[PDB]
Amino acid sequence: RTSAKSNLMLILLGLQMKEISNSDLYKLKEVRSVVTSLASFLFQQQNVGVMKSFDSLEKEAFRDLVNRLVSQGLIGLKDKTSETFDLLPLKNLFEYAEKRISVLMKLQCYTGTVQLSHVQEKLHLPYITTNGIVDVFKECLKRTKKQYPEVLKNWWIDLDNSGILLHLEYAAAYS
């Protein structure tokens, strides 16, 4: 249902804090589950003659996951020396998406554009990418459909690198 990257993304979103160090994050039970699962994939992918310890594979998996997120601009490295991540970009992106989706539904809009540059300017996040915004909206839309089945029947997201196109289909009750 969701990629390993987005599972870690959801864990970060739920943490009741604005920042977290690499070491504190790696100690979270939920994080270890995701990491262990990815590590087993990395073990299978090792080339012939290559056999690293599982622990080594887990640390490599964890680094790959965090780097994928930082790379999409979903979270930032607020401090390199202490390896502390800034979680505000992620939480602000989710707030932005939730509000956008909310207003679109209230106006019964079936198709609307979300321009990447607008999101970058609005939240002062130059590093956010379209793939990052897509995953944030997918998660919010998934939650919206679950919480408001009388309003949101179905949804789709199309690509327009300049932005995304949200498609919303409404349920009978809302009309």
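Residue numbers run from 1 along the displayed sequence.
According to the entry, the deposited sequence places 4 to 9 unmodelled residues between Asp160 and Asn161. Stretch comparison (48 to 56 versus 66 to 74) by mean CA B-factor in the PDB entry places 48 to 56 on top.
In the deposited entry, the Cα temperature factor of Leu168 sits in the bottom third of values across the chain's modelled residues. Among the modelled residues of the chain, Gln147 sits in the highest third by CA temperature factor in this PDB entry. Per the deposited record, the Cα B-factor of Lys122 falls in the middle third when ranked against the other modelled residues of its chain. Ranked by Cα temperature factor within the chain, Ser33 sits in the highest third according to the deposited record. The entry lists a Cα temperature factor for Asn154 that places it in the lowest third of the chain's modelled residues.
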